[PDB]
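Asker: Below: the sequence, then the experimentally determined structure.
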Amino acid sequence: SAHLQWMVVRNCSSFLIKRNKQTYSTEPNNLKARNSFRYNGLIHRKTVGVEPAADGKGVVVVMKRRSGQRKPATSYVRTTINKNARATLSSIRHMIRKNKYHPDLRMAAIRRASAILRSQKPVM
Amino acid sequence: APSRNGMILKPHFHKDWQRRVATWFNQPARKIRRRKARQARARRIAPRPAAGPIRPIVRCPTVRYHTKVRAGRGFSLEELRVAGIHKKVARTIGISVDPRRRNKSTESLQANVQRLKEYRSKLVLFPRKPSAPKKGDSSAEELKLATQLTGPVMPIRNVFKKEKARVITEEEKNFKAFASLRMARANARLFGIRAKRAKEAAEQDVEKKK
Amino acid sequence: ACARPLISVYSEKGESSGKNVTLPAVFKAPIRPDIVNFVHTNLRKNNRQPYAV
Amino acid sequence: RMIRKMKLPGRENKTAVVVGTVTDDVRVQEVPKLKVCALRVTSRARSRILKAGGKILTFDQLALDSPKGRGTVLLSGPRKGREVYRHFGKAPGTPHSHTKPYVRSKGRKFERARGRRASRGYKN
Amino acid sequence: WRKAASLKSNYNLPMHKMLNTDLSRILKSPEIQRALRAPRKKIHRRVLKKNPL
Amino acid sequence: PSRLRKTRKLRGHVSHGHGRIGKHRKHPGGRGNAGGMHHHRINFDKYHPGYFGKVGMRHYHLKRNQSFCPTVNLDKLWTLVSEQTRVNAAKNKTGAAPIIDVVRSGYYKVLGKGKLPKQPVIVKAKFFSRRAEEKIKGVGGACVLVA
RNA sequence: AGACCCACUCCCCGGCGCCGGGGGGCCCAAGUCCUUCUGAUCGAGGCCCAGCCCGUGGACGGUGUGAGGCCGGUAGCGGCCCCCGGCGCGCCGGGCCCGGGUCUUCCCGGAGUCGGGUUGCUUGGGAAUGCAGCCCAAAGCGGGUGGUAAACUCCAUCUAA
RNA sequence: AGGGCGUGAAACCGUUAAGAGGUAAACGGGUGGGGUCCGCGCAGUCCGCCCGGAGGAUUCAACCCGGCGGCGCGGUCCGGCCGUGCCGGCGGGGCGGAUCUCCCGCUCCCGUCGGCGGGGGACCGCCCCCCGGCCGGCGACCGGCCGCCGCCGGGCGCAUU
RNA sequence: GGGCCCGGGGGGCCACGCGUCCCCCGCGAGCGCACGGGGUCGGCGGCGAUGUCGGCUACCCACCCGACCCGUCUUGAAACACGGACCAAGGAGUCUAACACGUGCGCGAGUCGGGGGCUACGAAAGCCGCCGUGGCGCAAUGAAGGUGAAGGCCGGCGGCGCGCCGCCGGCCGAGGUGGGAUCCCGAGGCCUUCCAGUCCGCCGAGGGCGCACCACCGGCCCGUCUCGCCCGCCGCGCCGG
RNA sequence: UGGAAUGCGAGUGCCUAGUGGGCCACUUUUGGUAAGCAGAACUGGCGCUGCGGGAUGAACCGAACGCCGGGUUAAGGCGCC
RNA sequence: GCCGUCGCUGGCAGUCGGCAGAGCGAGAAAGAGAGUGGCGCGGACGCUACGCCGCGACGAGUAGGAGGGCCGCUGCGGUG
Ligand SMILES: [Mg+2]
Ligand SMILES: [Mg+2]
Ligand SMILES: [Mg+2]
Ligand SMILES: [Mg+2]
Ligand SMILES: [Mg+2]
Ligand SMILES: [Mg+2]
Ligand SMILES: [Mg+2]
Ligand SMILES: [Mg+2]
Ligand SMILES: [Mg+2]
Ligand SMILES: [Mg+2]
Ligand SMILES: [Mg+2]
Ligand SMILES: [Mg+2]
Ligand SMILES: [Mg+2]
Ligand SMILES: [Mg+2]
Ligand SMILES: [Mg+2]
Ligand SMILES: [Mg+2]
Ligand SMILES: [Mg+2]
Ligand SMILES: [Mg+2]
Ligand SMILES: [Mg+2]
Ligand SMILES: [Mg+2]
Ligand SMILES: [Mg+2]
Ligand SMILES: [Mg+2]
Ligand SMILES: [Mg+2]
Ligand SMILES: [Mg+2]
Ligand SMILES: [Mg+2]
Ligand SMILES: [Mg+2]
Ligand SMILES: [Mg+2]
Ligand SMILES: [Mg+2]
Ligand SMILES: [Mg+2]
Ligand SMILES: [Mg+2]
Ligand SMILES: [Mg+2]
Ligand SMILES: [Mg+2]
Ligand SMILES: [Mg+2]
Ligand SMILES: [Mg+2]
Ligand SMILES: [Mg+2]
Ligand SMILES: [Mg+2]
Ligand SMILES: [Mg+2]
Ligand SMILES: [Mg+2]
Ligand SMILES: [Mg+2]
Ligand SMILES: [Mg+2]
Ligand SMILES: [Mg+2]
């Protein structure tokens, strides 16, 4: 279970960074890079991940499908959204709220998508 | 100095014990050395049983262990004599002989005699010259099936005679086990003095009679 | 902690061969990091060689 | 001991709860139908409890069954049931002190001469 | 769990001290939710004392 | 491990935790159990009564095998046999009683602590206690002496 | 030893010839490919599907860093060449003339040693565990041991010098 | 790195530069002055919404096609695996049992009969696998269909969006 | 003076519907200001690219106040007590065994294979089960011989005289008192138009089962002392109970 | 009508270091001519403890100590230092 | 005002959202109960629960004890 798996990795993980009085987690599907039970991208049945597209255009939204929990190859569904800034967030907002897919990650996903999009603008 | 409650200890470290500490770091090497010598011995003596000669059954001494039988040193000369095996021939066919051991009772004697006869039945005997079979040699058909036996030969086991439930008779019910035990101790304790008193009384009465 | 699903056996070409094996019960055993780290701690000293001046 | 305390009047159909291990007692002949909750139950005590029709819960199952602890019988093992409590109290060498001393061996030659009989010095 | 080890003389899997570890599911179940008192999630910070006089 | 011990926490503290006045000296009071009848008397008499003196007879060449006599109470008697032995005899109508051979289980004397189930049984043993014999007889059993 | 039944031809010594573990020697995979950093590099990047090549060899060492592929090596029930040993099989000259059981009749044992006293040492060995000196000094159904000295009496267990 | 040569500390010393100097020096707190440098300062933030002016479009919603996904008490759809569930099996078996019991080897006694050891079988407990019915999960364990919803790609929408 | 400052004949009231019987004689809407659950301005000014702005602490210097040199033994050290000229590196509670208690983990009336055996890292790890011999625990007590851990009721009989002992057969049965976390029952009660009475919960006087633990009182096992009457038998005893 | 006031949560068990040279003051007090002497009782101190005052000072007087701003005090002071 | 300690063995799993409805600080036990009859698609942060939050008191220390060190040194197993 998620709680059992958190108790094994909360302080022992190859993704754990403890430095400068700060703690970070570098695993995928962690929307804040935060060593937290809520934001851990590995232990929950459902997780939300936002990443920049392989080309610097748009974001890739990752959702964990329900069935294949023990099958890493088919576990994650990737969707590339390369619309305008407001449209991208609206898609992400709906993919979470309407589906009730981790509604508590809604703003974390939306804040991460804005940060990735803002990064892809020309550097001044 | 003692401090509050505790045990009074007398460690035996008042000599130069550090001069004579036997460490055991060669233990795995010893185990490999002994195993390598068992395998090399089994190959040398094959197809004879690797464990060695057959050992007799014996009862462990003292009242702490006389309920258990184990492997002895060698078969008594009486047991070999009853089984018709010559004591000098016996070792040459893997039978252990113990000239020191006695046979106080018939049952243990016959248990080992049966052991020998059974072993003599499973013994595959090769001709001294393979091309020249002799009187006692086992047949060619059973020689091609000869294999080296691992583990003690005919292992010795303690088997208990399971007694099935039965109706309790009135005789057994009225038996007084504790009272019987206590009286047996007293009679064994007073046997000599009681006879001493009987002898003296008889002499005392006789001197008055005559 | 009672479910034992069927695990697919994959051929040498990386495809499921159609055979299945019920998940062995050992994979549902309690996961105890403290026990493992205790046993790993003490067993790993058993292959050490002594050193001394 | 669980059967003895769960046999008292008015305790029928209650759940015996012990935060500890339920060991087996071979000195018992007949095990009734119990409903117990424990942290551990010894292998042989499980077969005996289940064979009699009883039920063995885990403390996570007790919360779902009895969120507030209703219909329970909380039970404890003997706390002074330890060899150490034999050695506590007045020191063994004081009047009317039935404390157990610390002796390496037990026998006639081990702390029985002086102070334990009037024939050798004194007794108390 | 039902069948002891066959290749180990006398062994069986260690028993679970907690059958269901899905703590979130346990806490959100109606059984536990029915026994709870209402949460007290209002912060009562320190009041600055003003002199009535 | 030495990283969890006081010595690591006594670094920079003069006296290493033994005091400035009394210090840590070699052997104040004597070595080992010295002083028993002397400056260490109160400890010995307070915590080790009987320690000094002699009591009882000597026995040269004691052989502890001769006194070997493991004992078992009646409350554990039925554990020496299989479970199906007691239930089968409990539910049989002929009245046949099972034989419990304590010596086979490694015991010589049977003792009387406990109570027996209301069930006839035949007990074999080298030795019996009086209360053990009465309790075995109370349930219709019989005591059998072996050597 | 004898009598009577029963069973026996391979067992070894010295020579001579032919057939299946040890020491030594010599060898056995694959990149110095294309860019580029450097004083020099063993570094970085690349080597189509696919994934430079070998891999039973990605131990280690050397070589102008930091190297599975440059060299030595490493792996391998890999190869070749010498020498030693072990194990079988024949020929010659020799030795032995070999055993089991049942009866009959015979024979049978270690001495200044044991043991005892005393002294000294030693031991857990305590009216003396072992050893040694001096004195006494054996027996032959005897002798020794049987963890408390001794007399009587049964037993057990061995057979010292 | 110039042959006791890798690096090259501190104490101690030479010189240069700056500062200062009659209560030995040094030290805590508080300022002030001066330098060494740092901000890689010197018209001083960034973000969201909205108003307005100017422009420019891989142009908005809604509908159509296709893919993927979440959920469904689909009030009770089919199919699956499956119950550390409960019931009926002539079910085909493994393990264990201090629960009972036709075959043989050795052995005592007259060719017999009794004893040890060696095996079937029956029974009980548990487990595995086959079959039928109820309840059940698929949130450590899912497919097909139907529905709703979301997302994506392509059309169509061509402009008060 | 006190009696909601009793009763009768200019100034402040946290008086302000009414149907009634009668002692006595359950929701109005808004809006605004604030001595109201800890500060804001929906207020401004000056200067700024080669000499100026900011930089706690840090480098040097000055001043004011403070300020005796550390470690140590000691009642007391700045001491006319001892070590210390200065710098670098080294330099002192460790390891083995035993024991005690505490804590953590495994299993649990058991537990432990440590010795032995089987099957590069690896001298590891894995296994043994008729390898658990053995240790510790499961039984204490006595110098020892040794002994070695609840009873009550019913019916019948023998003895002594309703009461006591012994012997038979049937029933029940591991103690009690005080306190005691927890649990259980529940007199009554938890509201919304008003009554009746339901289903789920929820509080509660009182009353129960009572964990662990403690105090106290009984019981049982072994040694010993006093008293005393009996019961058993292959050994009739200086016997055994 | 938990049967005076007042205040306060209590009980209990293991393991345990250092210490076992003390010294000072009011009062009481033994020896001594007395002693900054030797020896006691009580409490409080120094030792282990800084800080304001007593110029200076182990113990006196006040008061006990996290790092700060404002206010007010104690014992002591207010010619100048 | 700020730091830490101790205490409340204090509060927070209720982020229960368009399968929605925002409360449980309030002098004085127990239900924001259930029923039966008489246009827009939106709503900050949080929660390493070994975490986060609130409130109150407190803070001298030799010998000595204890806790915590994202203090520091060397080597081993994992990981980056
Ligand atoms: Mg001490
Ligand atoms: Mg200190
Ligand atoms: Mg010192
Ligand atoms: Mg100390
Ligand atoms: Mg001292
Ligand atoms: Mg001293
Ligand atoms: Mg010491
Ligand atoms: Mg090569
Ligand atoms: Mg190299
Ligand atoms: Mg390269
Ligand atoms: Mg290399
Ligand atoms: Mg390469
Ligand atoms: Mg090579
Ligand atoms: Mg090779
Ligand atoms: Mg001889
Ligand atoms: Mg001699
Ligand atoms: Mg000598
Ligand atoms: Mg000696
Ligand atoms: Mg004797
Ligand atoms: Mg150089
Ligand atoms: Mg050098
Ligand atoms: Mg140099
Ligand atoms: Mg100058
Ligand atoms: Mg001054
Ligand atoms: Mg000065
Ligand atoms: Mg000193
Ligand atoms: Mg002095
Ligand atoms: Mg000093
Ligand atoms: Mg001076
Ligand atoms: Mg000195
Ligand atoms: Mg000096
Ligand atoms: Mg140093
Ligand atoms: Mg412990
Ligand atoms: Mg090695
Ligand atoms: Mg004085
Ligand atoms: Mg001192
Ligand atoms: Mg103090
Ligand atoms: Mg002070
Ligand atoms: Mg003065
Ligand atoms: Mg102030
Ligand atoms: Mg402090």
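Answerer: Done, it's in. Residues are numbered from 1 along each chain as shown, chains lettered A, B, ... in the order given. Ligands and ions are numbered 1, 2, ... in the order given.

Asker: Going by proximity to RNA strand I, name the top residue of chain A.
Answerer: RNA strand I sits closest to residue A:7 of chain A, with a gap of 13.6 Å, by C-beta to the nearest atom of the strand. C-beta here means a position set from N, CA and C on the backbone, and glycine is covered the same way.

Asker: helix or strand for that residue, which one?
Answerer: Per DSSP states H and E: residue A:7 is located in helix A:2-9.

Asker: That helix vs chain E: in contact?
Answerer: Yes - applying C-beta under 8 Å from any C-beta of the partner chain, one finds helix A:2-9 in contact with chain E at A:2, A:3, A:4.

Asker: which one of those residues is nearest residue F:46?
Answerer: residue A:4 (53.5 Å; C-beta to C-beta).

Asker: Around the closest one, count how many other residues there are.
Answerer: Residue A:4 has 15 neighbouring residues, counting by other C-beta atoms under 10 Å in any protein chain shown.

Asker: How about the contacts made by it?
Answerer: C:31, E:21 (C-beta atoms under 8 Å, 6 or more residues apart in numbering or on different chains).

Asker: Would you mind measuring from it to residue E:16?
Answerer: Using C-beta to C-beta, to the nearest Å, residue A:4 is found at 11 Å from residue E:16.

Asker: Helix or strand for residue F:95, just tell me which one.
Answerer: Going by DSSP H and E, residue F:95 is not in any helix or strand.

Asker: how far away is it from residue B:36?
Answerer: Remark: distance between residue F:95 and residue B:36 (C-beta to C-beta) = 63 Å.

Asker: what does residue B:130 give?
Answerer: Residue B:130 sits 30 Å away from residue B:36, going by C-beta to C-beta.

Asker: and residue A:92, that's in a strand?
Answerer: No - counting by DSSP: H, G, I helix; E, B strand; the rest coil, residue A:92 is located in no strand; its state is helix.

Asker: And it, how close does it get to residue A:40?
Answerer: Distance, residue A:92 to residue A:40, using C-beta to C-beta: 20 Å.

Asker: which non-adjacent residue is nearest the most centrally placed residue in chain D?
Answerer: In chain D, the C-alpha nearest the mean C-alpha coordinate belongs to residue D:78, at 3.7 Å (C-alpha atoms, centre = their mean). Setting aside the residues directly before and after it, residue D:78 is nearest to residue D:1 in space (C-beta to C-beta, 6 or more residues apart in numbering or on different chains), at 7.9 Å.

Asker: tell me the contacts of the one you found?
Answerer: Counting by C-beta under 8 Å, 6+ apart, residue D:1 makes contact with D:25, D:75, D:77, D:78.

Asker: And for residue B:64?
Answerer: Residue B:64 is in contact with F:65, F:68, counting by C-beta under 8 Å, 6+ apart.

Asker: Helix or strand: which one has it?
Answerer: According to DSSP H and E, residue B:64 maps onto helix B:62-65.

Asker: Can you give the distance of stretch D:62-81 from its chain's centre?
Answerer: Between the centre of stretch D:62-81 and the centre of its chain there are 16 Å (C-alpha atoms, centre = their mean, to the nearest Å).

Asker: What is the most widely separated pair among the contacts of residue D:1?
Answerer: Farthest pair in the contacts of residue D:1 (C-beta to C-beta) is D:25 and D:75. Separation: 14.0 Å.

Asker: which of these two has more neighbours?
Answerer: Neighbour tally, residue D:25 and residue D:75, criterion other C-beta under 10 Å: the higher count belongs to residue D:75, 18 against 14.

Asker: which residues does the more buried one contact?
Answerer: Neighbour list for residue D:75: D:1, D:2, D:5, D:6, D:16, D:17, D:18 [criterion: C-beta under 8 Å, 6+ apart].

Asker: Can you tell me which of those residues end up in helices?
Answerer: Members of these lying in helices (criterion: DSSP state H): D:2, D:5, D:6.

Asker: quick check, the longest strand seen in chain C touching RNA strand H?
Answerer: Longest strand of chain C, by residue count under DSSP state E: strand C:16-22. Yes - interface with RNA strand H: strand C:16-22 contributes residue C:22 (C-beta under 7 Å from any atom of the strand).

Asker: what comes into contact with that strand?
Answerer: With contact meaning C-beta under 8 Å, 6+ apart, strand C:16-22 is reached by C:4, C:5, C:6, C:7, C:8, C:9, C:10, C:11.

Asker: Can you flag which of those residues belong to strands?
Answerer: Those of those mapping onto strands are C:6, C:7, C:8, C:9, C:10, per DSSP E.

Asker: Out of those, flag the one nearest to residue B:42.
Answerer: For these, the nearest to residue B:42 is residue C:9 (41.3 Å; C-beta to C-beta).

Asker: Remind me which helix or strand residue B:41 belongs to.
Answerer: Residue B:41 belongs to helix B:27-45 when assigned by DSSP H and E.

Asker: For that helix, list every residue counted as buried.
Answerer: For helix B:27-45, the neighbour count (16 or more other C-beta atoms under 10 Å in any protein chain shown) marks residue B:42 as buried.

Asker: do it and RNA strand I meet?
Answerer: Yes - counting by C-beta under 7 Å from any atom of the strand, RNA strand I is contacted by helix B:27-45 at B:27, B:28, B:29, B:30, B:31, B:34, B:35, B:38.

Asker: thought residue F:95 was touching residue B:166?
Answerer: No - because the distance of 9.6 Å does not satisfy C-beta atoms under 8 Å, residue F:95 is recorded as not touching residue B:166.
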